[PDB]
């Protein structure tokens, strides 16, 4: 089969590198001085490997070569969990026959793959390492500094990785908790390969991604729905934070919206997961929101300890499934039942709230209802996924139009969408 890589990635603010290196040196690990890693990644003209979330490189460490294939896995905040397979090489030339068949989607290497792959991008960086023990786990800390480059287009590498060599993922999260007491770290959801692929397309500006309806598997239980909901909210926070720190000022609003979605998900599942399961998480989210609101700089806001601690708290809560020990028998029964059936009930609950609030025109008092309206839209986004996507998104579009118009003060559009929303019927059972 494949091996399994588990590592937590933090992007490091450039000014914080020296202070980080000093801190890492107080942990009492086995330290290795920087070594240059030279990598070339390979890809076809039709972006075949990228289409499968899989990356192929040859790594050089002082004339010693290694071929590595990573395949589709999971990214949760900064935590990358990818299957991989590494093969030692005698010289820098690919040998695709050495990889197991389970690497390939069809169980067979495409006939022309070796012939049509070209060098698409490189990563050239110096890696400094600390090996540390946390409980019964062993973790390799890597500090990477250099470049990722696709022809003309390059961007800096300045990041920290905590790779689990053996043991438990909880140990990685424990280690992270010590490090985010100081500024200069943010969880990074983009692999070096993902950034390399983007540069190779001419490094176009990334666009804001509005949240769309969550689609959870048929037969999923409520717990699976909950996991998918929090995965989505964290992914939307990560994506928009990356855009914001890269210079998109409009993305700030979407960072706050994603944090709002976390809160609304906690409320949605609050009949099952008690409020006390998320006391500390919600406290940290409040301080993060305040820091974001008052920030003069995206860089300062994003690399702050308020943001760092709040984000790590959410990642840990999700990955550790921290709700589980709080569930009594009744709650366990409800969380193990159908998400589809749960969703039908809660769609009606949120529709009742929307109808009662917006059945009449509200004059100068629309803006005070924004939090309620936003909660209900967010809740329906998480719940509406078992129906026809065209019908369901069309239903939501009218409430979303109302929310936009209220937020920007468009009097005509407020009344238009309020009427459209009150004239449409429900789509659910």
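Positions refer to the first chain, counted from 1.
Higher average CA B factor: 104 to 112, of the stretches 215 to 223 and 104 to 112. Of the two segments examined, 206 to 214 and 135 to 143, it is 135 to 143 that shows the higher average Cα temperature factor in the deposited entry. You'll see in the entry that, of 308, 335, 232, 88, the Cα B factor peaks at 88.
Each of 328, 152, 241, 161 has a CA temperature factor in the record; the biggest one is found at 152.
Among the modelled residues of its chain, residue 350 has a C-alpha B-factor that falls in the lowest third, as given in the PDB entry.
For residue 170, the recorded CA temperature factor ranks within the highest third of the chain's modelled residues. Among all modelled residues in its chain, residue 371 ranks in the middle third by Cα B-factor. When the modelled residues of the chain are ordered by their C-alpha B factor, residue 385 lands in the lowest third.
Among the modelled residues of its chain, residue 48 has a C-alpha B-factor that falls in the highest third according to the deposited record.
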